[PDB]
Each structure stands twice: as structure tokens, then as C-alpha cells.
Ligand SMILES: O=C(O)[C@H]1O[C@@H](O[C@H]2[C@H](O)[C@H](O)[C@H](O[C@H]3[C@H](O)[C@H](O)[C@H](O[C@H]4[C@H](O)[C@H](O)[C@H](O)O[C@@H]4C(=O)O)O[C@@H]3C(=O)O)O[C@@H]2C(=O)O)[C@@H](O)[C@@H](O)[C@@H]1O
Ligand SMILES: O=C(O)[C@H]1O[C@@H](O[C@H]2[C@H](O)[C@H](O)[C@H](O[C@H]3[C@H](O)[C@H](O)[C@H](O[C@H]4[C@H](O)[C@H](O)[C@H](O)O[C@@H]4C(=O)O)O[C@@H]3C(=O)O)O[C@@H]2C(=O)O)[C@@H](O)[C@@H](O)[C@@H]1O
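In C-alpha cells, the structure reads:
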């Protein structure tokens with residue numbers, strides 16, 4: 023029985039059971055995953071402090087990125103204030119090292135923690151712990167538990183909480199830290215410091231103005247906010263708060279954001295409307311991984327108005343079959359492969375065999391190193 | 023008469039003449055351009071050596087970039103060899119600093135040299151000179167005169183010349199250096215070093231295997247190769263070679279790439295077929311800016327096979343009016359504003375009033391800081 027965390031616990035337990043029983047398909051699969059994971063054992067742990075351009079706090083431990091759709095205005099002498107081009111990512115985002123480094127850290131810690139849970143090999147806990155300590159708790163290298171300067175925008179006058187959605191890149195690693203508890207490498211002192219960091223980060227996201235505003239967002243930002251919220255809460259073992267968040271925030275959001283025909287109108291008005299419809303449901307999918315570990319199925323549980331997330335999948339399913347049929351603005355091609363895990367997660371939760379079959383028909387590559395696909399051998403045959 | 027260089031000499035001459043006569047509309051325009059150019063006066067000159075990851079030569083003065091559409095293969099343990107996804111730019115390109123630094127250098131040197139030509143103010147030549155010396159001729163900071171490691175691809179076994187097309191970002195700056203000849207800041211020694219660098223770069227692109235291959239390319243690479251060739255040759259005042267390149271290479275190559283309906287089949291098979299159809303003609307446009315200064319009009323002179331570049335504009339013109347009508351793959355939106363200067367250049371060269379009218383109707387913003395628009399007050403209202 024897997025510890026509470028941000029993953030499909032059923033697939034992880036099934037993998038760990040079959041690996042321990044010596045089943046050959048799984049054992050061979052885990053040996054490939056172990057060869058993929060070797061680069062993470064070697065990898066020097068990253069830190070948010072590895073930047074030259076400092077945030078307005080002057081603190082290198084404050085996370086800071088550029089909001090991706092904001093560009094210099096060439097008709098202004100200094101390019102200020104920046105203006106928005108929805109769906110067009112400003113390559114200036116890559117000047118903020120934590121944008122990609124949070125992803126690299128998150129990939130490394132997630133892969134290593136999952137492999138330590140499956141195999142029991144201490145070398146994976148040791149490396150996972152080294153990534154965790156440097157990113158989160160180190161008194162010089164760890165990030166401050168806030169997202170004050172996430173997705174800042176040059177020239178913008180008002181505070182926004184929009185950058186909080188960046189947190190999903192390290193909050194999954196926070197959740198996976200639970201899997202290395204009880205190893206020799208993760209000491210009681212390591213756990214306390216991370217518990218304290220997670221408590222401070224949870225306080226910030228629940229009580230800061232930016233956190234409050236993001237918690238009330240009318241589109242996929244509010245859904246992702248609560249998915250991140252559940253990762254922090256599950257890490258801290260606050261299962262009653264997970265129940266409260268699901269009933270008092272996630273379900274009302276679903277009832278409000280799904281229209282009667284199952285479309286997501288807030289995502290339909292975006293220039294990448296098929297991507298953002300899918301991204302909304304991906305937030306629910308990762309939230310559901312956590313709630314269903316305590317008996318709450320977000321795919322089939324109605325809001326007060328009777329709407330259910332399965333209605334959102336039904337609306338999009340034909341377009342996952344044929345993205346070319348999509349009738350709203352989508353100014354870059356849609357990657358059909360993201361529907362694999364999503365249709366599998368929703369399909370199993372709903373007992374919809376047609377969703378599961380489609381997920382397997384789309385599939386994932388057997389040998390892919392994409393760390394989010396580790397639990398999904400079921401999609402790789 | 024303006025020196026031979028990579029610009030619309032007719033518009034530059036008209037700007038300098040009206041500025042010197044004190045015409046208010048032009049005088050006000052140049053004062054805006056001077057405010058825009060102030061950042062280039064202050065800006066620290068860039069160098070190709072400002073990289074940590076060195077090229078296989080171990081020489082920081084060797085230019086190196088990643089070919090943009092090549093991505094790690096996630097089904098390989100080390101991601102090697104990279105694989106191609108046409109039209110999808112891999113953000114790893116921004117890890118090679120000279121990719122964007124060549125752009126920044128090119129903008130600053132072009133703007134400063136043009137403003138010195140128009141205004142005669144020594145401060146623009148002095149700053150222009152500082153950028154040229156550091157980028158090109160400095161014995162520690164200047165780039166080696168080759169493109170051996172331009173658009174390298176990890177894991178790729180064969181040499182390619184495809185990265186030569188990067189050169190357009192600094193070959194325009196090379197060409198405008200002619201505009202500061204005779205200033206106090208550009209000494210006879212500065213000229214000799216740049217002449218010698220340009221001679222060596224001309225030798226490399228004509229005689230290296232990579233240069234030979236790029237010169238033979240059947241698509242827009244071959245057109246840009248010759249546009250760059252003409253910038254170098256014009257910088258060196260080799261007017262006889264310019265005529266020979268125009269007559270014996272550009273026109274046959276342009277003629278070979280135009281189908282019977284005026285489409286460019288090599289560009290139609292790209293995932294960004296409207297962008298690359300336009301990019302092919304932009305090569306011809308910058309080439310024609312140089313050829314027409316010695317009496318050779320590339321828009322109206324037929325090739326050996328009877329094809330003429332005006333046929334390609336005629337094919338694309340309706341789609342510049344309405345880009346949404348384009349019927350070939352274009353997996354990102356097309357920037358209609360790119361058609362303004364193209365239709366003006368071709369329209370003026372062809373005496374086609376309908377092209378010129380559309381060029382002005384699409385227009386360019388009066389206050390834009392885009393340095394390539396500096397000569398085009400005629401498009402700014
Ligand atoms: O690249 C990444 O970091 C990930 O991006 C993910 O998409 C996020 C972005 O990072 C932004 O946060 C983006 O914010 C949007 C809001 O969702 C919203 O559309 C907002 O709209 C405002 C608008 O700014 C303006 O003020 C107008 O007048 O009103 C609008 C309104 O309220 O309707 O604009 C924000 C913005 O662009 O700043 O949103 C997305 C998101 O929806 O999650 C994601 O694509 C991920 O895959 C990337 O990895
Ligand atoms: O990002 C930038 O620096 C600028 O990019 C400009 O577009 C260039 C690219 O930089 C690449 O060089 C790209 O190279 C293409 C070739 O044009 C060609 O399509 C080639 O196709 C090959 C293919 O690689 C393969 O070997 C196959 O079997 O055969 C194909 C064939 O010959 O048909 O692939 C190259 C590649 O992608 O490596 O081409 C463009 C270009 O056409 O100029 C430009 O977009 C500019 O705006 C950017 O600033």
C-alpha cells in the first residue's frame with residue numbers, strides 16, 4: 023500500500039508487487055527505467071539561486087520567472103510596458119534559469135523517488151534526497167517558500183498570482199519525497215526541515231494575496247492551484263484538508279467551468295484552446311490521483327449543480343481521436359500523445375473501456391525517458 | 023550617392039538628403055531614430071567568445087549554434103542522435119549565446135552605421151566601430167572567419183553547410199561598415215583588418231566543403247547563401263563578381279525554384295510553407311538591394327529557363343492580403359507585417375502600383391525600434 027502522493031498509486035503498487043514477485047515483463051521494464059535513471063544519480067543538484075539577474079527582493083533564493091506570453095513593445099523606446107500575445111512564448115523566458123531548472127530538478131527527484139519505492143535500492147533514495155535538500159531546505163541554496171516573483175512581467179503595475187502555476191514543476195517532487203521516508207539517506211532531520219518548508223509554502227499559498235487570488239481563478243489556473251494544493255497537503259498528511267479542498271473548491275470550480283455541453287468556455291477563448299482544455303483536465307487528473315487515494319473520485323463526483331468532470335472528457339474525446347476536427351482557435355499543433363495518460367486516468371476511474379482502449383492505441387513509447395510515464399507500462403505494450 | 027551596401031540605397035539617399043535640407047517630416051523621423059539608437063551607444067559590444075561550452079575545435083572564437091529543429095530522442099538513453107521535427111524550434115538553441123548575440127550585434131551595428139550615414143554625427147560611427155572591432159577583427163574577441171560549427175546537430179555524423187544561413191545576422195553589419203569609412207573613428211588600420219577578415223570569410227564560404235554545399239542548395243538556403251555572398255563581395259567592392267554571381271548563380275537558382283504557377287515547391291513541403299515561401303523571396307530582396315545598385319534588377323530579369331522572380335510574388339500576393347487563405351502547412355501563425363517591405367521592394371522594382379499600395383496599407387509602425395525598418399519612413403504613417 024503506497025504512501026499518499028502525486029502518482030497513480032494503483033499502478034505503482036502493481037509495479038512494485040510484480041517486480042518483487044520477479045515477473046519478467048515488469049523486471050525488464052524496471053531495468054530499462056534504472057538505466058534511464060542513471061543520469062540522475064550523477065546529476066549535480068540544481069538551485070534557484072543559480073541566477074545573475076536578481077529579483078526585486080534582492081534575494082537569490084526567491085523564485086522568479088517571466089510570464090511566457092508577455093513581450094517587449096517595439097513601439098516603446100524601452101519596450102516597456104510589455105504586452106501580451108496569447109499562445110506565443112517569449113524566448114526571453116529562458117533567461118530565467120529556474121524556469122527549466124525547476125523542470126530538471128522535478129524530473130530527477132520524481133524518477134529517483136519512484137524508483138526507490140519500486141526497487142528498495144538505497145542508491146535512489148540517496149540521490150533523490152540530494153536533489154530534495156538542495157532545492158528545498160538548504161539554508162543557502164534552497165528556495166524561499168513563496169512564489170512572489172513567479173511569472174513577473176516587465177512594466178506591469180499590479181501584483182498577479184498567475185505564476186503560481188509554475189509550482190507544479192517542483193510540487194510533484196515535494197510529494198515524492200514521502201516515498202524515501204524510512205531510507206537510511208533521508209534522516210529525521212531531513213524530514214523535519216522539509217515538513218517545515220512545506221508548512222511555510224502551504225501557509226503562503228493559502229494566505230498571501232497572490233495565493234488567494236490564484237485559488238479563486240476562473241480557468242485552469244484555479245484547477246492547477248488546487249492540484250498543487252493537494253500535493254502539499256498530501257505530503258503533510260492532511261487528509262481532512264484534502265477532503266475539504268475537494269468539496270469546497272475543486273468541485274465548485276468544475277461545476278462553474280464546465281458548460282452544459284461539457285465544453286470549458288474559459289479555455290475555448292484561448293489561442294491554444296485545445297491545449298488549454300486538455301491542461302484544465304490534466305489539473306483534475308493529478309488532483310484525482312490524490313483524492314482517489316482517500317476514496318474521492320473527481321471524475322464522477324458531481325458538483326452541487328450535478329455537472330461531472332466526465333462530461334468534459336466526453337466533449338473532447340472525438341478531438342483526441344481527430345485533432346484536425348477541432349473548431350476553436352489552436353495556433354500551434356496539438357500533441358495527441360498527451361491524451362494517452364489523460365484518457366487512461368479518466369477511463370479507469372469511470373470504467374469507460376473505450377477511453378482505456380484509445381489510451382492504449384495512442385500509447386507511449388516503451389523506451390521513452392519522459393519521467394511522468396514511469397508508472398504507465400500498461401500504455402507501453 | 024550612397025556607398026554600395028546592404029540596404030535600399032534609394033531610400034537611404036533620400037533620407038540623408040531631406041535630413042540635410044531640414045525637411046521637418048524626415049528631421050522628426052531621424053530624431054526618433056536617434057532616441058531609439060541611444061541604447062546601442064551605451065551597449066557593451068558582444069563577442070562570439072562569450073560561451074562556456076566550447077566547440078569541437080576548442081576555440082571560443084569559432085561560431086557555434088544548434089540547428090533549430092533538432093531535438094533529443096527520448097527513446098534513446100542519452101537522447102542521441104537528435105531527431106528532426108521541422109518547424110518546431112528546440113529551446114536548446116538559446117544555450118548557444120551567439121545565436122541571439124549575433125542578432126543583437128547585427129541590429130546595433132546596422133542601426134548605428136545607418137544613422138552615421140544619415141546624420142554625419144561622429145558619435146554613431148565611433149559606437150558602430152566599437153561593435154564591429156569586437157565582433158569581427160579583435161585578436162581575442164573577434165570571430166574566426168568560418169561557419170564550420172554553425173547549426174551543428176548532436177549525434178549527427180555528416181558535415182552540413184546548413185548553418186551558413188546564420189551569417190545573414192552579421193553579414194549585413196559587415197556591409198554597413200562601409201558607411202563609416204571616412205569617419206575619424208574608423209582608422210585605415212580598422213579598415214584593413216576588416217577587409218582581411220572579409221577576404222578570409224569570402225575564401226571560406228567559396229572554397230570550404232560546407233560553403234560549396236550550401237552554395238548548391240535547391241531551396242531558400244541557396245538564395246540566402248548568394249545574398250550573403252553579395253554582402254561580402256559588395257563590402258569588398260568586387261563589383262565584377264557581384265555581376266557574375268547575379269548572372270551565373272542567383273538568377274539560375276531563383277529560376278530553378280519557381281514552378282509554372284509561380285509557387286516555390288521546395289518551400290511548400292515545409293511545415294511553415296508560407297513563412298519559407300516568404301523567406302526565400304526575402305533572400306532575393308536583400309540580394310536585389312545590392313545588384314540594383316550596379317544596374318541589375320533581380321525581380322524582373324528572367325532566368326535562362328524563362329522564369330522570373332516576379333512570378334513568385336504574384337503567386338503569394340493574394341495570401342499576403344489574406345494569410346488565412348493559405349492552403350499548405352503553416353503550423354504557426356504567419357506575420358503579415360513581413361509582407362510590407364517585401365511588396366514595397368518588389369513593387370517598386372517592378373513598377374507595380376498595386377504591390378506598393380498594399381505595402382503601405384499593411385504598413386509599419388511609425389515608432390517601431392526594429393532596425394531593419396529604419397530606411398522605410400515611406401511605409402510609416
Ligand atoms: O510555459 C509555461 O510556463 C506554462 O504555461 C502554461 O500556461 C499558462 C501561462 O504560463 C500563463 O500563466 C497564462 O496566464 C494567462 C491566464 O490564464 C489568462 O488567460 C490571462 O488572461 C487575461 C490577460 O492577461 C489580460 O489581462 C486580459 O485583459 O484579460 C485576460 C483574462 O482574464 O481573460 O492571461 C494570463 C497571461 O498570459 O499572463 O496562462 C496559462 C494557463 O492558462 O495555464 C501552460 O501552457 C503550460 O503548458 C506551460 O508549461
Ligand atoms: O532559427 C533560425 O536560425 C532561423 O531558421 C531559419 O530556417 C532555416 C533553419 O535554421 C534550418 O537551417 C532549416 O534547415 C533545413 C533545410 O532547409 C531543409 O529543410 C532540410 O531538410 C532535409 C532534412 O534535414 C533531412 O536531411 C531530409 O532527409 O532531407 C531534407 C531535405 O533536404 O528536404 O532540413 C534542414 C534542417 O531543418 O536541418 O531550414 C531553414 C530554412 O529553410 O532556411 C528561418 O526559419 C529563420 O526565420 C530563423 O531565424
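Residue numbers (the entry's author numbering), protein chains in the order written: chain A, 23 to 403; chain B, 23 to 403. Ideal placement from N, C-alpha and C gives every residue a C-beta, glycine not left out.
*In whole angstroms, what separates the C-alpha of residue 145 of chain A from that of residue 40 of chain A?*
21 Å
*Check the C-beta distance from residue 354 of chain A over to residue 294 of chain A and give it rounded, since I have them as a contact under 8 Å.*
6 Å
*Tell me, please, whether the segment 49 to 60 of chain A touches the segment 88 to 106 of chain A by the rule of three or more beta-carbon pairs shorter than 8 Å.*
no
_Does the CB of residue 355 of chain B have a neighbour CB from chain A at under 7 Å?_
yes
*Taking the alpha-carbon positions, what's the residue 372 of chain B to residue 237 of chain B distance?*
27 Å
*asked:* Please report the distance separating the alpha-carbon of residue 325 of chain A from that of residue 274 of chain A.
replied: 6 Å
*Quick one: does residue 52 of chain A have its CB under 7 Å from some CB of chain B?*
no
*Excluding sequence positions up to five away, which residues of its chain have a Cβ less than 6 Å from the Cβ of residue 335 of chain A?*
368
*Which residues in the same chain have their Cβ closer than 8 Å to the Cβ of residue 267 of chain B, if we skip the five residues on either side of it in sequence?*
248, 251, 252 and 255
*Within 5 Å of ligand 2: residues by beta-carbon to any heavy atom*: B:89, B:90, B:91, B:184 and B:242
*What is the DSSP secondary structure of residue 294 of chain B, reduced to helix, strand or coil?*
strand
*How would you list, in chain order, the residues of chain A whose beta-carbon sits under 8 Å from the beta-carbon of residue 392 of chain B?*
96
*Relative to the C-alpha of residue 200 of chain A, which residue among A:306, A:105, A:220 and A:182 is closest?*
A:220
*When you compare each of B:44, B:119, B:109 and B:132 to residue 397 of chain B by their alpha carbons, which one comes out closest?*
B:132
*Nearest-angstrom beta carbon gap, residue 136 of chain A and residue 198 of chain A [assumed within contact, 8 Å]*: 7 Å
*asked:* Does chain B have any CB closer than 7 Å to the CB of residue 91 of chain A?
replied: no
_Pairwise C-alpha distance: residue 223 of chain A and residue 318 of chain A_ = 25 Å
*asked:* Which residue marks the beginning of the alpha helix (DSSP H) containing residue 132 of chain B, and which one marks its end?
replied: 120 to 141
*Grab the span of the beta strand (DSSP E) containing residue 404 of chain B for me, first residue to last.*
A question about residue 404 of chain B goes unanswered here, because the residues of chain B that appear run from 23 up to 403.
*Coarse secondary structure for residue 157 of chain B, derived from DSSP in three states*: helix
*Could you check the C-alpha separation between residue 112 of chain B and residue 347 of chain A for me, to the nearest Å?*
27 Å
*Scan the segment 56 to 81 of chain B for residues whose Cβ lies nearer than 9 Å to a Cβ of chain A and list them as they occur along the chain.*
57, 58, 60 and 61
*asked:* Using 8 Å for Cβ pairs, my map puts residue 18 of chain A next to residue 86 of chain A. What's the rounded Cβ distance?
replied: With chain A represented from 23 up to 403, any question about residue 18 of chain A goes unanswered, as that position is not in the structure.
*With DSSP run on the structure shown, which of helix, strand or coil describes residue 105 of chain A?*
strand
_Coarse secondary structure for residue 88 of chain A, derived from DSSP in three states_ = strand
_Residue from B:285, B:204, B:109 and B:214 with nearest C-alpha to residue 349 of chain B_ = B:285
*Considering only residues of the same chain and omitting the five flanking positions on each side of residue 362 of chain A, which have a CB-CB separation below 7 Å?*
381, 384, 385, 386 and 401
*Tell me the start and end of each unbroken alpha helix (DSSP H) in the segment 221 to 305 of chain B that is at least 4 residues and wholly inside, in chain order.*
231 to 237, 242 to 257, 261 to 267, 273 to 279 and 287 to 290
*With 9 Å as the limit, tell me which residues of the segment 369 to 388 of chain A have their beta carbon closer than that to any beta carbon of chain B; keep them in chain order.*
387 and 388
_Neighbour-count burial assignment, residue 377 of chain B, 16 or more Cβ in a 10 Å radius_ = buried
*Please find out if some non-hydrogen atom of ligand 1 comes closer than 6 Å to the beta-carbon of residue 187 of chain A.*
yes
*Helix, strand or coil for residue 386 of chain B, going by three-state DSSP, please let me know.*
strand
_Within a Cβ cutoff of 6 Å, which residues of the same chain sit near residue 175 of chain B, ignoring the five residues on either side of it in sequence?_
89, 92 and 104
*Go to residue 39 of chain A, then tell me how far its alpha helix (DSSP H) extends in each direction, as first and last residue.*
31 to 42
*So which residues on chain A does residue 99 of chain B lean against when the C-beta distance must stay under 7 Å?*
57 and 58
_Simplified DSSP state of residue 208 of chain B, which is helix, strand or coil_ = coil
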